[PDB]
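Residue numbers (the entry's author numbering), protein chains in the order written: chain O, 284 to 462; chain A, 677 to 723; chain v, 148 to 162, 176 to 244; chain 8, 114 to 131; chain P, 15 to 100, 145 to 220, 234 to 308; chain G, 258 to 500.
Just so you know, even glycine gets a beta-carbon here, dropped at the ideal spot from N, CA and C.
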RNA sequence: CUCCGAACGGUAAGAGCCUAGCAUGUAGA
RNA sequence: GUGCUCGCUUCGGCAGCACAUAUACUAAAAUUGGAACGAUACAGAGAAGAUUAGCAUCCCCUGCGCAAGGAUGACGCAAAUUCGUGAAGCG
């Protein structure tokens, strides 16, 4: 902070690179380097520092910040290429439902079909963590009725002992009936 | 003389109280836990 | 075993060459491109006292490679476990 | 830049004398 | 306390012979200026030389940029006082280093009068260069430090006591020479003659060209050449 | 050789021979107490871990300090050696591991693990990529230049000694009396049983500070802090499948 | 009847003046 | 230096060849500058004392020392509430 407060930018970057190489487990120095790069230009050194921070096995809060910084820089191919190794590290239910983020920008039909096939071919063939089916039903209700009645009724092989939830059976029935 | 026994016994408690006790982020000072230990030594000395 | 035997021999005894002059030699003493010289060892006679009894020879510098640990990150356990 | 060598004794000393 | 592999030697201290013969001695003779055990090796610089040895240790000489047995320099050849206080050194130095250092010092039996060894004196039979000048009086520790040299002042005053330029060929051109003179000042009448590969320049009231006379006494090195300079007429002859 | 070696808090490494049952070497030179000692698999040298600032490499039949490996910032709790597995391997109590080279003497490579003080190192009984032991987040290593292979189970207790046999079973002894057994191929908790106390012991005083398997790799022997040596054998059962 | 002992544990404490047996072998111009 | 060339070829010289291959802190050192617990002299362990023990966690000398005995240098650092600032991420 004392080096960034002054007009020296070469020594500040050399101190930040040494702090990032000596303390790889620290996250405050990486956040300060990301803030200094956002205060600076949009050169490829910021993307290289982000790739070096992501290659050091970061958490989901750093991956979400990198995805937000990529989405706030008008990047479509670079955001989709950097999202392939994010789902392969943390296979969470919040990360599997956020992997199909290209449908919310240009509606990405082939990419949504590939993401649905990857979500059906992933882990959870018997329970699906009670979160992929509701998102698939919402994506089918927002789109046309191609496979909206199939995955809600004929795909009950991955259900857990009651074929629905307690407060989400009549709601799913009303969502499938009136759409 | 007897001093190595004392130095060893205090340092081993120091090593153990470094490793365990806090178990996360505590380490309540240092001299304090050794002082409670010393008082305990006097307490067992108290017959 | 060879390294330990050499170290034990040193502890028991304690307790040609071709160099190109590529620094300033260009035209002064012209012809020195390899400087082939012989370096022999002086035969020390085994009837001699020691050179000294104490010395202050600085062997090297204490600056080592202080790299990071990279084991894990630091955090806290709980608010109640801190008071416990 | 110095390095070792395994040079001919006789010819070394001969060229020296010469 | 200090062993090594090869000495940090000079180019003149080694000798005018491409093959010499060294003799390493592990832990000999106790370094002159720091008092530490180091690795003494001597050799013969050439035929009828002085059998030169090694005085100043590896860390002693490596730290202060100096040779292990004359304390002049590995890069230039000047003393350690001139190369500190004083660039000027490049025109002050010399190539072909005189071997008047590697010769035997004076036979004291001859100075007294009876050198019994006759023609077989392995020392040197000249007269002792008179004691009076302080170049009879330098030592090692005052030499090795910058403080108090008898040589370095006498060579440092050589540095401030003391036009037909030629050697053009194909490197020097007219615009490079007049822009190298333009930083000195303005011209009155300049010309370039190619039958002798020379250039003629003048100045308003010399002066600026005077430091060009300080710059070009076999010293102005542009385009990688030692230029030839002698005096013009300035007499309308 | 036909002799045994002993070291302790008396700042002396005694090589008690078996031919006369007396002190045959009585080596000295450590600046403080000694933690452990072990001999090489092929060389006739012994590495001894001290408590002051470093470990010592003592040569047998010479009583001379071969090389001083000072690479830690605290006491060296455990030390392991090998013929070609990892040469010199010393575990330090300064929350860092270091494996030095026996020929050069300097440190070669340091670990990327162990926020808790690591005090358990042991050799592997098959091929390379052996593991270590610490109080929190015990992981595994590799013989060639080190590599984090896998982490252990949830053993948050302060571990003191870890012993593994050639059959693939690994057991870690803690200071709280609970001994947690694991596997080498997978790393699943097999027994994770707790040891009882002796009649003269307290309610919570037993702690496994030493554990070593037999030469036949069939009967296990663990040393507790309750002044009792217990011998554990196998059990001829079949309905003991792991979930 | 023929088995013989050596050292340390011991001489002060200083004031002003006076005299001695030694030791290194150098790079420099 | 020794030997040999059916060397030139006399017994002189010269030639060829073979063999034989690098000593040495070279100086009669040139220089160059220090100290004794000496004697003498004067004087002479001062003509005493309220803390109570102490023991550990940087060197030189004597000594054949892995015996021994001599001489020496620490307090302020603060474990944990309320509020403002910057950044990541969510609806």
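Beta carbon proximity, residue i to chain P, threshold 8 Å
| i | result |
| --- | --- |
| residue 200 (chain v) | yes |
| residue 123 (chain 8) | no |
| residue 115 (chain 8) | yes |
Integer-rounded CB distance, given that residue j should sit under 8 Å from residue i
| i | j | result |
| --- | --- | --- |
| residue 16 (chain P) | residue 71 (chain P) | 6 Å |
| residue 64 (chain P) | residue 162 (chain P) | 5 Å |
| residue 467 (chain G) | residue 453 (chain G) | That pair is no contact at about 18 Å. |
| residue 395 (chain G) | residue 404 (chain G) | Actually they do not touch by this definition, with Cβ atoms about 16 Å apart. |
Contact with chain 8 by residue i, beta-carbon distance below 8 Å
| i | result |
| --- | --- |
| residue 182 (chain v) | yes |
| residue 196 (chain v) | yes |
| residue 214 (chain v) | no |
| residue 33 (chain P) | yes |
| residue 220 (chain v) | no |
Residue i versus residue j: straight-line alpha-carbon distance, rounded
| i | j | result |
| --- | --- | --- |
| residue 443 (chain G) | residue 469 (chain G) | 21 Å |
| residue 331 (chain G) | residue 240 (chain v) | 31 Å |
| residue 345 (chain G) | residue 399 (chain G) | 14 Å |
| residue 366 (chain O) | residue 459 (chain G) | 57 Å |
| residue 53 (chain P) | residue 211 (chain v) | 13 Å |
| residue 412 (chain O) | residue 418 (chain O) | 12 Å |
| residue 85 (chain P) | residue 93 (chain P) | 7 Å |
| residue 461 (chain O) | residue 432 (chain O) | 12 Å |
| residue 385 (chain G) | residue 74 (chain P) | 48 Å |
| residue 344 (chain O) | residue 440 (chain G) | 34 Å |
| residue 252 (chain P) | residue 303 (chain P) | 17 Å |
| residue 42 (chain P) | residue 55 (chain P) | 9 Å |
| residue 292 (chain G) | residue 19 (chain P) | 40 Å |
| residue 32 (chain P) | residue 44 (chain P) | 29 Å |
| residue 276 (chain P) | residue 249 (chain P) | 17 Å |
| residue 148 (chain P) | residue 90 (chain P) | 8 Å |
| residue 708 (chain A) | residue 698 (chain A) | 14 Å |
| residue 193 (chain v) | residue 349 (chain G) | 52 Å |
| residue 36 (chain P) | residue 27 (chain P) | 12 Å |
| residue 225 (chain v) | residue 352 (chain G) | 17 Å |
| residue 197 (chain P) | residue 50 (chain P) | 19 Å |
| residue 300 (chain P) | residue 325 (chain O) | 57 Å |
Segment limits, alpha helix (DSSP H) that includes residue i
| i | result |
| --- | --- |
| residue 348 (chain O) | 343 to 354 |
| residue 693 (chain A) | 679 to 695 |
| residue 293 (chain O) | 293 to 305 |
| residue 709 (chain A) | 707 to 721 |
| residue 151 (chain v) | 149 to 161 |
| residue 246 (chain P) | 245 to 253 |
| residue 74 (chain P) | 72 to 78 |
C-beta neighbour in chain v for residue i, strict 8 Å
| i | result |
| --- | --- |
| residue 39 (chain P) | yes |
| residue 364 (chain O) | no |
Opposing strand residues paired with residue i [DSSP bridges]
| i | result |
| --- | --- |
| residue 470 (chain G) | 477 (chain G) |
| residue 274 (chain G) | 260 (chain G) |
| residue 408 (chain O) | DSSP lists no partner for residue 408 (chain O). |
| residue 438 (chain G) | 428 (chain G) |
| residue 120 (chain 8) | Residue 120 (chain 8) pairs with nothing; no bridge assigned. |
Proximity test, Cβ basis, 8 Å: residue i and chain G
| i | result |
| --- | --- |
| residue 237 (chain v) | no |
| residue 696 (chain A) | yes |
| residue 204 (chain v) | no |
C-beta neighbour in chain A for residue i, strict 8 Å
| i | result |
| --- | --- |
| residue 241 (chain v) | yes |
The beta strand (DSSP E) enclosing residue i, as first and last residue numbers
| i | result |
| --- | --- |
| residue 292 (chain G) | 291 to 296 |
| residue 316 (chain G) | 312 to 316 |
| residue 201 (chain v) | 196 to 201 |
| residue 334 (chain G) | 333 to 338 |
| residue 380 (chain O) | Here residue 380 (chain O) belongs to no beta strand (DSSP E); instead the alpha helix (DSSP H) covers 376 to 380. |
| residue 235 (chain P) | 235 to 237 |
| residue 325 (chain G) | 322 to 326 |
Test: residue i CB closer than 8 Å to a CB of chain O
| i | result |
| --- | --- |
| residue 232 (chain v) | yes |
| residue 225 (chain v) | no |
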